[PDB]
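Engineer: Pasting in a structure now, in structure tokens, and then I'll have a few things to ask.
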Amino acid sequence: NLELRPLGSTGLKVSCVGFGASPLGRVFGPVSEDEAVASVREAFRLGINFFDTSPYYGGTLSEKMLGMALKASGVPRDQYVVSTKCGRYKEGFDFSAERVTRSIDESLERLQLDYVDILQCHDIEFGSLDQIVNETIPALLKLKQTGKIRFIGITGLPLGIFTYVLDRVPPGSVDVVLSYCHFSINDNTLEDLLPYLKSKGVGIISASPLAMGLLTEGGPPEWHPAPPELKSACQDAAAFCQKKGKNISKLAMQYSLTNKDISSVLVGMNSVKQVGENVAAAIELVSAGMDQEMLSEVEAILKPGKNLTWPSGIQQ
Ligand SMILES: NC(=O)c1ccc[n+]([C@@H]2O[C@H](COP(=O)([O-])OP(=O)(O)OC[C@H]3O[C@@H](n4cnc5c(N)ncnc54)[C@H](O)[C@@H]3O)[C@@H](O)[C@H]2O)c1
């Protein structure tokens with residue numbers, strides 16, 4: 001019953017909830033292996049057909065667990081969409097043509113796949129954007145000829161990296177854009193970029209619907225780089241939801257799915273419960289709507305931290 005959305009000009013249809021395999025790359029051994037197979041089986045059972053990973057996640061382990069889980073699924077390969085990344089690894093950054101040419105082979109080995117649907121540059125704000133335009137993207141175009149990848153993407157936090165690159169590449173070079181932390185209750189600045197991206201036929205994928213933990217009752221992690229004004233606004237709104245006996249994670253996830261110009265919202269999932277929670281929240285949004293009274297009250301509490309971002313990347 002999960003809704004599928006068109007992905008730009010790719011001709012692909014992805015589920016509005018995407019499976020982010022970032023948390024699959026933890027620990028090691030039978031435990032995390034049977035949890036990876038279990039969650040992906042649940043994802044397929046509930047209608048999820050979009051899986052995103054990166055060799056950075058788990059130090060290439062998340063790619064391994066995802067590939068084993070997708071292999072154990074028994075689902076035809078052309079009936080789900082796989083996305084992996086390149087350029088960012090546990091040893092650092094390398095967006096060179098040589099690195100990204102070797103990476104797709106290393107990733108496909110770990111994923112046990114013959115191809116990935118999308119290969120995306122991972123956090124280009126840590127590299128020279130001119131290298132991305134003139135070297136990395138022309139390299140991935142050649143990989144697209146080999147059939148090992150079918151669509152090209154770029155990812156990162158600051159929205160400006162999308163306009164900079166897409167202004168300077170030949171039309172059609174980039175097929176997909178992956179942004180994060182910019183379409184949630186506290187930050188919806190990705191809306192400004194949608195008309196720009198649709199004008200070029202680029203698919204739009206959002207991520208971090210909970211602002212990487214800011215919109216959870218447990219709270220943000222200790223390493224979270226949000227300004228203290230945003231973290232205070234988010235924790236007060238989570239307590240407000242807690243006092244009223246509701247879950248701010250559900251409201252934040254439902255909000256991120258209200259704009260169908262975003263083809264899919266990737267959310268990290270490592271448990272069957274997490275998959276069913278987000279899929280049911282998406283289904284509940286379509287069948288029962290959204291709690292407008294709760295959203296209006298949470299949005300007012302988050303006004304002090306509205307659209308507040310943080311520094312990301314290097315300097316150019
Ligand atoms: N964060 C980055 O640096 C980055 C950059 C580029 C791409 N991405 C892609 O985007 C995907 C999503 O990123 P995120 O995981 O950081 O999003 P997020 O932090 O907003 O929320 C998801 C996280 O909270 C927990 N959670 C999941 N479902 C929940 C529920 N129903 N109730 C309560 N808690 C729940 C999980 O630990 C998960 O990691 C990643 O998996 C990755 O594939 C991430």
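Cβ sites come from the backbone with ideal geometry, for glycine too, and all protein chains shown count toward neighbours. Quick note: the coordinates plus some simple rules give every number you see, no bench work behind them.
Engineer: Please give the residues of the range 61-77, grouped as numeric ranges, whose backbone N is less than 18 Å from a label point set 7 Å along the Cα-to-Cβ vector of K13.
Structural biologist: 76-77
Engineer: Bin width 10 Å, origin at 0, all Cα-Cα pairs of the range 70-129: what percent of pairs per bin?
Structural biologist: Cα pair-distance distribution for the range 70-129, in percent: 20, 49, 23, 8, 0.
Engineer: Let me ask you something else. Send over the semi-axes of the range 237-292's equivalent ellipsoid, whole angstrom and largest first, taken as the square roots of 5 times the C-alpha gyration tensor eigenvalues.
Structural biologist: Semi-axes, largest first: 19, 15, 11 Å.
Engineer: Considering the zone a paramagnetic label at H224 would reach in this model (a point 7 Å from Cα along the Cα-to-Cβ line), which residues of the range 146-181 have amide N under 19 Å from it?
Structural biologist: Flagged as within label range: 157-158, 180-181.
Engineer: If we restrict to alpha carbons, what Rg and Dmax does the chain come to, in Å?
Structural biologist: Both quantities, over Cα of the chain: 18.6, 56 Å.
Engineer: Run the reach check for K246 against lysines, Cα to Cα strictly under 22 Å, same-chain hits fewer than 8 apart removed. What comes back?
Structural biologist: Filter leaves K231, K273, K303, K306.
Engineer: Can you give the angle from 0 to 90° between the axis of helix 272-288 and the longest principal axis of the chain, with both taken from C-alpha atoms, to the nearest 10?
Structural biologist: 70
Engineer: Using Cα pairs closer than 8 Å and at least 6 residues apart in sequence, work out the relative contact order for the range 213-314, in percent.
Structural biologist: On the way: 78 pairs, mean separation 40.1, N = 102.
RCO, the range 213-314: 39 percent.
Engineer: Also: Determine the relative contact order of the chain: mean sequence separation of Cα pairs under 8 Å and six or more apart, normalised by residue count, in whole percent.
Structural biologist: On the way: 617 pairs, mean separation 66.8, N = 316.
Relative contact order for the chain comes out at 21 percent.
Engineer: On to the next question. Expressed as an acute angle from 0 to 90° and rounded to the nearest 10, what is the orientation of the C-alpha long axis of helix 190-199 relative to the principal long axis of the chain?
Structural biologist: 40
Engineer: Amide H neighbours of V81 under 5 Å, at least 5 residues apart or on other chains, H built in the peptide plane: list them.
Structural biologist: Those qualifying (amide H under 5 Å, at least 5 residues apart or on another chain) are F50, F51.
Engineer: Between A97 and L295, with labels modelled 7 Å along Cα→Cβ, what's the label distance in nm to one decimal, could you check?
Structural biologist: Those two pseudo-labels are separated by 4.7 nm.
Engineer: Angle, helix 228-243 long axis vs. longest principal axis of the chain, Cα atoms, 0 to 90°, nearest 10?
Structural biologist: 60
Engineer: So how far apart, in nm, are the two label points at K90 and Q131 if each is 7 Å from Cα heading toward Cβ?
Structural biologist: The modelled label-to-label distance comes out at 2.2 nm.
Engineer: Name the residue from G160, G219, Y196 whose Cα lies farthest towards the positive end of the charge dipole of the chain, charges +1 on Cβ of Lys and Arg and -1 on Cβ of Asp and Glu.
Structural biologist: My answer, from the dipole projection, is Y196.
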